[PDB]
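Some notes on the structure that comes next.
4 protein chains.
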Amino acid sequence: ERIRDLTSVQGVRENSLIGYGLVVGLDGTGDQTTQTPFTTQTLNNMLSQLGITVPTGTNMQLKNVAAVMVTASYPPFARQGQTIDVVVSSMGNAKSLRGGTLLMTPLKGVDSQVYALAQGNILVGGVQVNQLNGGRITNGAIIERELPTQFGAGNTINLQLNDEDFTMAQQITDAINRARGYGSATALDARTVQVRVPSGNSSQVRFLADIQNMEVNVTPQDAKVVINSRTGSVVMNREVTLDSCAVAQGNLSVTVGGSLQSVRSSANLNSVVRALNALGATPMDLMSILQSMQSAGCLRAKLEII
Amino acid sequence: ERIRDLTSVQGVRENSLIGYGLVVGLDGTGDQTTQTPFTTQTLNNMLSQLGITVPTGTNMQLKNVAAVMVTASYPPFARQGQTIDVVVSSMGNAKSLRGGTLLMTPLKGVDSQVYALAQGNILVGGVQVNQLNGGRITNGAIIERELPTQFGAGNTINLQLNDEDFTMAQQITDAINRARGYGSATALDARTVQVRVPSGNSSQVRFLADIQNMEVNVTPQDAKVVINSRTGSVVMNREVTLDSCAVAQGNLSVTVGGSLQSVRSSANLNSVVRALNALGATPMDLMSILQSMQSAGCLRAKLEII
Amino acid sequence: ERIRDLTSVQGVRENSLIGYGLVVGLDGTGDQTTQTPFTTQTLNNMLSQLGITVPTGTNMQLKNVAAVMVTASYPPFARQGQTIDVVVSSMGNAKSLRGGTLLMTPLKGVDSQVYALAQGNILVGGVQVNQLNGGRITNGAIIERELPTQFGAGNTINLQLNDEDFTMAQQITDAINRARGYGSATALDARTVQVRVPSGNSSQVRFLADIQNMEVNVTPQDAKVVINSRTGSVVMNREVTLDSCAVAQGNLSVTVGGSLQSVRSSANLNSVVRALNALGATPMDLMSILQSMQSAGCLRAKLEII
Amino acid sequence: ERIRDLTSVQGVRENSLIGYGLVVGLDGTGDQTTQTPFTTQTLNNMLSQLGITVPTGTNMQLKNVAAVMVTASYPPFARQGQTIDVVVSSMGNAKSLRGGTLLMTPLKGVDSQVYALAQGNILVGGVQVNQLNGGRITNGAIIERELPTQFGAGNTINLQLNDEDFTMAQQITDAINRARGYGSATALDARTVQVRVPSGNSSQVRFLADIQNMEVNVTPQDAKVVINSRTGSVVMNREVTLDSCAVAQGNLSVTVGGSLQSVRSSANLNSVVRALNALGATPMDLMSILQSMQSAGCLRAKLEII
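Residue numbers (PDB author numbering), protein chains in the order written: chain z, 20 to 145, 155 to 284, 316 to 365; chain a, 20 to 145, 155 to 284, 316 to 365; chain y, 20 to 145, 155 to 284, 316 to 365; chain x, 20 to 145, 155 to 284, 316 to 365.
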């Protein structure tokens, strides 16, 4: 696996942008403004900013405008000329956003500063039906401000691991130590590896580029079972080991001569799958069987309800 | 890939224009002015600007006029004589904009200055039905003001990368360094490359023209999976690697002998596709299976809900 | 079994994050705000933070917004640039969260400090139906604060065992003592093993990485039976031993010549399963039979109602 | 039988944790808050702790939240980083807890101190129907405080027997005396055996580990019959002896020539079973027959109504 596939850089981080705006067009299917006054209020605010002053006492029963919230994603090292994608989601009573248009929404971050301006056409999908109050605009926001970053300062860069592991951190440190000279990398914990980098933006970029594509062997992570129980999904890891036991579950019986099937000890994932398949059960029954076994041991893994 | 296909220029940036206007004609299907007084108010304002003063107390039940918002796109280095396309979207209660005409809308930017004037005929499309409250006018706006730009000043131009990558920035810098002499380009971060350019508009334009068409080999970007879950779409990258595991999902069973299918370790995208296809599942089930696996590792990629 | 599969590290611990937020989009199926005023109140608070001040007296009957609680999981040694998964669960009257979007929720820990900011798109599953008021966002929260940790201090690390056992702790201590020199590890109790580690982050990480993958033979844990009685599941351990007895249960009779079946003494799990299967009973009857036997001895194991 | 299978250690004891919390999600099927005000009150308390102050006069008719009680199990020698399973049970009017999530419940012991914090996803089972107001979370609570224990102090450890017996205590003491030197173990009563242990945590752990796996022959415990009479279960011990008698029960007659069957003297459990089976009776009749015989002697065992 490449280093980039399991590790992020300390200075490279993403930021979240938010904003409020209006979507026009829509072929009806807009907000019922009698229940969403803020749509009309913000439309009037925009019109006043453009040069039209609507009288205070007005019906304002328009159905081609929907008030929406836009979520963006400030990319690392973003420049002013860059364009980023945005997600537009209806707020009030809008039935659909099929062919609407966003109107210059100023996107704001955690520090309440306008970082981008979003405007574009919504794309939504055409029984599993599509979500038609939520759309995406590709390159629908233009950045206006730059985050001051500390990349290229000092001489230590923290490669931050995903899915923390002392062994994986040691493997990454050793791989970098073989590639470069002695003392190039040093593991700080199960998640961070400090690499000594020369001063200067260019040389740091070159070193990170060379490091990122580098291949590292992945040690066996952990015996882990994932039970969702909300989407009816069960996933078992490669290192999951199963211990000999006996399991009895409602309405289940041996094929053949009754209930209380036996489960054999199995050190391989294929053997674990075969043993759990001999115990004929649906995934819904499988979750209960797995939890009951884990309560008694009998399952050499940790199971997480996800 | 050409440099232009993955990189923008620092001085070359796009601006967003907005405006409010009226669309006339429409074969009925206009605003219900009893619920949208601003349509009548702005029509009266336009008539007064032309020389007709409507009395204050009037019915104003006209159905051939629709109040619309126009969105434009100020192109880089735009001149006064240029014409740009605009998007016209209904505001109030208009049923359609099939054959309407826009009436000299002054388009405004973020700094509230009129940059273009938009006037033209709307084009809209003729069960998947077309959006007939949203249209486009080709060359429907004429520019009137020029943005002061800093292009051609100094001696450093920032080639700004899309889809930030330290390796891609290093590749671009190296390619430019091979093409030109030493020190021509220098990578500043994962997204910016500073190229040293001679003074003068003509020589900067020549250098950028020569650089833009240049071919650069694209390194493997990243193992990444995209799940939309709103349009029912799943996309997997070329570098997505799949680790051996066992997956159980509701109503799914081995073809053949029951639930809890096995997924083999696979380092190739074709092998990943084959392994996930042996697990017979619809895309809706595939999203849940992929998320559950990623929770347990078992999927050597990062998945983003888009 | 690997040491990592049955032991956690003292400094490596997980923390729980909580937060409150809003989900927008949803294709209707949102909160009935007449019964959930806090949804509208917090939406108004967010709008005021963005720059829109809704009047106090408003209908606020919007059905595209749902108030939700987000639960996160602060990983050990977490860095600021890291992203973690979150679980979004509806609070009020929301019918579904099929295609919603979370809006910058500040996640808080036990000490009431904001540790992460969560924003992203919800993924929910497509008779066993899926839970559609509960979803998960993968990498849907970005960390903002770092927990001060004491890892890399002192010279003693406590390997903490899961499923406490004096014999397992002694086995782990002996295995480490064979691998390293004398006095490297010392068992403190049935659950803790103190390993002497050299000073420094790098060397502690290296020692823990070498120790974690190490194989240790697992002694027979304990004779234990698990009865759930809520999911209808019975699990029996490998060491469960069965003593000779006679059992009579309602509507059960010998196959063949009446009630009061006999159960033979059996020192093997397979023999125990055969003896309990000769007594033809469903798991529901099996729980009562097992509890009744344990009341009389006759069952060389402890049974836990789980 | 291993010593661990019939004996607990004096210092090794379990503690019970309790707590109150909320479960969110649930696909409706939550509390009817008009009849359970404490659900809304505690939700408001949590929101205030997060930073949202709900007005005092509110409808609070939300059906996605259920007030629950969580029961945990503080394991012996528990550390701060450990995780333990919890049981979540509905309190008010909740119809189900199918896919809910627990929200940071502080678990408390007998001394009213917070010992763990519980948060996670509930797992419940999918005519014998499952209990869907009661679920379990695996590793759903993280410990925060450590019980001060006296293990490793003094030089005497009390092996405490389950199912008290003077003969079993003597057998355990003799077995330890053969394994170690003279005076190593001394029986104090039918339930306690004092073993002399050297000072120090390490040596005490080693001695207990060596002792625990040791095999000891189990003497015949006692002639005992268990009648449940609530689940319709009758269990008879291995030492149950039956004396010659005559039994008459309603609607029962000799197969063949009428009522008042004879029961032969039988010193073996198989012979006892055969004698009671010749008397053709259901378990319900068997309980009455056994109690009536025991009133007259005729049954060389003690019967307990369990």
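Just so you know, even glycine gets a beta-carbon here, dropped at the ideal spot from N, CA and C.
Point to revise | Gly163 of chain z to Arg164 of chain y span [Cα, whole Å] | key: As a first step, residue 163 of chain z must be located in the first sequence, where it is residue number 135. As a first step, residue 164 of chain y must be located in the third sequence, where it is residue number 136. Cα-Cα distance, rounded: 19 angstroms.
Exercise for review: With a 10 Å radius around its C-beta and 16 neighbouring C-beta atoms as the bar for buried, classify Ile364 of chain a as buried or exposed.
Suggested key: The residue you call residue 364 of chain a lines up with position 305 of the second sequence. In this structure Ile364 of chain a is buried. Its beta-carbon is surrounded by 16 or more other beta-carbon atoms within 10 angstroms.
Review point. For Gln132 of chain x, is the classification buried or exposed, using 16 other Cβ atoms within 10 angstroms of its Cβ as the cut-off for buried?
Key: Residue numbering aside, residue 132 of chain x sits at position 113 when the fourth sequence is read from its first letter. Under this definition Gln132 of chain x is an exposed residue.
Practice item. Starting from the N-terminal side, write out each stretch of the beta strand (DSSP E) that is 3 residues or longer and does not extend beyond the region 91 to 119 of chain x. Key: Segments of the beta strand (DSSP E) lying fully in the region 91 to 119 of chain x: 102 to 109.
Point to revise | Span separating the alpha-carbon of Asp271 of chain x from that of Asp344 of chain y | key: For this step, residue 271 of chain x is matched to residue 243 along the fourth sequence. For this step, residue 344 of chain y is matched to residue 285 along the third sequence. Distance between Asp271 of chain x and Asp344 of chain y, taken at the CA atoms: about 30 angstroms.
Practice item. Alpha carbon to alpha carbon, how far is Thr341 of chain y from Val263 of chain x? Give it in angstroms, no decimals. Key: Counting from one through the fourth sequence, the residue named residue 263 of chain x turns up at place 235. Counting from one through the third sequence, the residue named residue 341 of chain y turns up at place 282. Cα-Cα distance, rounded: 17 angstroms.
**Study point:** Contact the region 80 to 89 of chain y vs the region 194 to 210 of chain z: 3+ CB pairs below 8 angstroms
**Key:** Pairwise C-beta distances place the region 80 to 89 of chain y out of contact with the region 194 to 210 of chain z, as fewer than three of them are shorter than 8 angstroms.
**Study point:** Element boundaries [beta strand (DSSP E), containing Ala237 of chain y]
**Key:** Within the third sequence, residue 237 of chain y is the residue found at index 209, counting from 1. Run containing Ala237 of chain y: none in the beta strand (DSSP E); it sits in the alpha helix (DSSP H), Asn229 to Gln240.
Practice item. Please check if any C-beta of chain x sits within less than 8 angstroms of the C-beta of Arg21 of chain z. Key: As a position in the first sequence, residue 21 of chain z is number 2, starting the count at 1. No - not a single Cβ of chain x is within 8 angstroms of the one on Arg21 of chain z.
Check your understanding: Going along the chain, which residues of the region 331 to 359 of chain x sit with their C-beta nearer than 8 angstroms to a C-beta in chain y?
Key -> Answer in chain order: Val331, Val332, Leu335, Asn336, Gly339, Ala340, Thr341, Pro342, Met343 and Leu345.
Check your understanding: Terminal residues of the continuous alpha helix (DSSP H) containing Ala218 of chain y?
Key -> Looking up residue 218 of chain y in the third sequence gives position 190. Element bounds for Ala218 of chain y: n/a, residue is neither H nor E.
Check your understanding: For the beta strand (DSSP E) that contains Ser35 of chain z, what are its first and last residues?
Key -> Here residue 35 of chain z corresponds to residue number 16 of the first sequence, with the count starting at 1. Looking at the DSSP string, the run of the beta strand (DSSP E) that includes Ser35 of chain z is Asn34 to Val43.
Review point. Roughly how many angstroms lie between the CA atoms of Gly100 of chain x and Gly228 of chain z, to the nearest whole one?
Key: On the fourth sequence, position 81 is the one that residue 100 of chain x refers to. On the first sequence, position 200 is the one that residue 228 of chain z refers to. Rounded to whole angstroms, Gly100 of chain x and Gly228 of chain z show a C-alpha spacing of 41 angstroms.
Review point. For the region 99 to 130 of chain y, which residues have a beta carbon sitting closer than 7 angstroms to at least one beta carbon of chain x?
Key: Going along the region 99 to 130 of chain y in chain order, one finds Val106, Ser108, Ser109, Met110, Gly111, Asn112, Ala113, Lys127 and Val129 with a Cβ nearer than 7 angstroms to chain x.
Review point. Since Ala137 of chain a meets chain z, which of its residues come closer than 9 angstroms, beta carbon to beta carbon?
Key: Taking the second sequence and counting its residues from 1, the one referred to as residue 137 of chain a is at position 118. Within chain z, no residue has its beta carbon less than 9 angstroms from that of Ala137 of chain a; the closest one is some 13 angstroms off.
Check your understanding: In whole angstroms, what is the alpha-carbon distance linking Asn64 of chain a and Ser347 of chain a?
Key -> By one-based count along the second sequence, residue 64 of chain a stands at place 45. By one-based count along the second sequence, residue 347 of chain a stands at place 288. Computed Cα separation, rounded: 57 angstroms.
Check your understanding: Name the chain x residues whose beta carbon is nearer than 9 angstroms to that of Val233 of chain y?
Key -> Indexing the third sequence from 1 puts residue 233 of chain y at position 205. The contacting residues do not exist; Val233 of chain y stays about 17 angstroms from chain x at best.
**Study point:** Spatially closest choice to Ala169 of chain x from x:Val322, x:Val107 and x:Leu175, by CA coordinates
**Key:** Within the fourth sequence, residue 169 of chain x is the residue found at index 141, counting from 1. When each option's Cα is compared against that of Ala169 of chain x, the closest is x:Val107.
Check your understanding: What separation, rounded to the nearest whole angstrom, lies between the Cα atoms of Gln199 of chain x and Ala360 of chain x?
Key -> As a position in the fourth sequence, residue 199 of chain x is number 171, starting the count at 1. As a position in the fourth sequence, residue 360 of chain x is number 301, starting the count at 1. When rounded, the distance between both Cα atoms is 23 angstroms.
Practice item. Could you name the residues of chain y that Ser325 of chain z contacts, counting a contact when the two beta carbons are closer than 7 angstroms? Key: Translated into positions along the first sequence, residue 325 of chain z becomes position 266. In chain order: nothing, as chain y lies at least about 13 angstroms away.
Practice item. Have a look at the DSSP bridge pairing and note the partners of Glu192 of chain x. Key: Here residue 192 of chain x refers to the residue found at position 164 of the fourth sequence. Paired residues: none, contrary to the question.
**Study point:** For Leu69 of chain a, the first and last residue of its enclosing alpha helix (DSSP H)
**Key:** Reading the second sequence from its first residue, position 50 is the one you call residue 69 of chain a. Looking at the DSSP string, the run of the alpha helix (DSSP H) that includes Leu69 of chain a is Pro56 to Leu69.
Check your understanding: Relative to the alpha-carbon of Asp217 of chain x, which residue among x:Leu187, x:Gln178 and x:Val322 has its alpha-carbon at the smallest distance?
Key -> For the purposes of this step, residue 217 of chain x is identified with residue 189 of the fourth sequence, where counting begins at 1. Out of x:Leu187, x:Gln178 and x:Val322, x:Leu187 has the C-alpha closest to the C-alpha of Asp217 of chain x.
Exercise for review: Below 9 angstroms between beta carbons is the criterion; list the residues of the region 74 to 100 of chain x that meet it against any residue of chain y, in chain order.
Suggested key: Cβ contacts with chain y come from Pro74, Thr77, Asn78, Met79, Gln80, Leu81, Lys82, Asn83, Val84, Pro94, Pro95, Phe96, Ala97, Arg98, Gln99 and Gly100.
Check your understanding: If we count the other Cβ atoms within 10 Å of its Cβ and call it buried at 16 or more, is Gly139 of chain x buried or exposed?
Key -> Taking the fourth sequence and counting its residues from 1, the one referred to as residue 139 of chain x is at position 120. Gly139 of chain x should be labelled buried.
Exercise for review: Keeping to the same chain, check which residues put their C-beta closer than 7 angstroms to that of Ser257 of chain z; ignore five residues upstream and five downstream.
Suggested key: In the first sequence, residue 257 of chain z corresponds to position 229, counting from 1. Closer than 7 angstroms at Cβ, skipping near neighbours: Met346 and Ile364.
Exercise for review: Kindly list, in the order they appear in chain z, the residues whose Cβ is closer than 7 angstroms to that of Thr247 of chain x.
Suggested key: On the fourth sequence, position 219 is the one that residue 247 of chain x refers to. Residues of chain z whose Cβ lies closer than 7 angstroms to the Cβ of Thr247 of chain x do not exist; the shortest such Cβ separation is about 28 angstroms.
Check your understanding: Assuming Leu142 of chain z contacts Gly38 of chain z under a Cβ cut-off of 8 angstroms, what Cβ separation, rounded to an integer in Å, is found between them?
Key -> Here residue 142 of chain z corresponds to residue number 123 of the first sequence, with the count starting at 1. Here residue 38 of chain z corresponds to residue number 19 of the first sequence, with the count starting at 1. About 18 angstroms separates the two Cβ atoms, so there is no contact after all.
Review point. Taking Cβ to Cβ, would you say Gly317 of chain a is nearer than 8 angstroms to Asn158 of chain z?
Key: Within the second sequence, the letter at position 258 stands for residue 317 of chain a. Within the first sequence, the letter at position 130 stands for residue 158 of chain z. Contact flag unset, no.
Review point. Under the rule that 16 or more other beta-carbon atoms within 10 Å means buried, what is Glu20 of chain a, buried or exposed?
Key: For the purposes of this step, residue 20 of chain a is identified with residue 1 of the second sequence, where counting begins at 1. Here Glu20 of chain a is exposed: its Cβ has fewer than 16 other Cβ atoms, across all protein chains shown, within 10 Å.
Review point. If you draw a straight line from the alpha carbon of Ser281 of chain z to that of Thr259 of chain y, how long is it in whole angstroms?
Key: As a position in the first sequence, residue 281 of chain z is number 253, starting the count at 1. As a position in the third sequence, residue 259 of chain y is number 231, starting the count at 1. C-alpha separation (whole angstroms): 16 angstroms.
Practice item. For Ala334 of chain x, I'd like the list of residues in its chain whose CB is within less than 7 angstroms of its CB, leaving aside the five on either flank, ordered along the chain. Key: Stepping through the fourth sequence from its first residue, residue 334 of chain x is reached at position 275. Closer than 7 angstroms at Cβ, skipping near neighbours: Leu270, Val322, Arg323 and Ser325.
Point to revise | First and last residue of the uninterrupted beta strand (DSSP E) at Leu362 of chain y | key: Locating residue 362 of chain y in the third sequence gives position 303, where the first residue counts as 1. Boundaries of the beta strand (DSSP E) around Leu362 of chain y: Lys361 to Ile364.
Exercise for review: Could you tell me whether the region 228 to 240 of chain a touches the region 176 to 185 of chain a, where touching means 3 or more Cβ pairs closer than 8 angstroms?
Suggested key: Touching, per the Cβ criterion.
Check your understanding: Excluding the five sequence neighbours on either side, which residues of its own chain have a C-beta within less than 7 angstroms of the C-beta of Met352 of chain z, listed in chain order?
Key -> Numbered from 1 along the first sequence, position 293 holds the residue referred to as residue 352 of chain z. The residues are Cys273, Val275 and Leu358.
Practice item. For the beta strand (DSSP E) holding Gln277 of chain z, just list the boundary residues, first then last. Key: Position 249 of the first sequence holds residue 277 of chain z. First-last of the beta strand (DSSP E) with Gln277 of chain z: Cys273 to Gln277.
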